[PDB]
């Protein structure tokens, strides 16, 4: 297992997006993971449609702006046999309202055959998975210290009352403190955090991880 990983400079991460006032973090996290798995397999990096999942994944446990899970999103893309581009099917649910499903109006750009769940409450297993591709994870993002994060290695304070899905795109170590961190792509636009990213310290709140990051992790099979 490598000591450092950064899928952004390796070419598997699209620019930061903004979910705005739609409770569909589940779909943003799933799409970032699908974009990463697709690029690693095919070599092409293309922004994919969160709106398709929010609008179309309505026959299972996922509920648009009312929440869902990254696994439910993966299952929908598996069942649909594809997902469209962001360019063709842009995000319009920012005001808190999805629309009618338009998946068949466009040419699908990517597909996946399944997904895998990372062993729960297990940062070693999460690190092994993150070294191979971006990973969808769940965290408790309710603390004011998280809401107002700007820079540095975030160590809390935060509980494990999971309420937000984000994407791990790598991990590193700060040379001066010597502390290691997860590199996490959030969906709150570039005005939040480090141009949309947060470094979340590794090795905390065992076995759950900082803010519960190692509790509920998964990734798609391209």
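Residue numbers count along the first chain shown, from 1.
- Averaged over their C-alpha atoms, the temperature factors of 71-79 and 125-133 are higher for 71-79.
- In this entry, 184-192 has the higher mean Cα B-factor, the comparison being between 184-192 and 167-175.
- Of the candidates 107, 92, 111, 116, the PDB record gives 92 the highest C-alpha temperature factor.
- The top Cα temperature factor in the record, among 201, 9, 20, 14, falls on 20.
- When all modelled residues of the chain are sorted by CA temperature factor, residue 50 is found within the middle third.
- Ranked within its chain, residue 36 lands in the lowest third, by CA B factor from the PDB record.
- Among the modelled residues of its chain, residue 153 has a C-alpha B-factor that falls in the middle third according to the deposited record.
- Per the deposited record, the Cα B-factor of residue 213 falls in the lowest third when ranked against the other modelled residues of its chain.
- Ranked against the other modelled residues of its chain, the C-alpha B-factor of residue 58 as given in the entry falls in the highest third.
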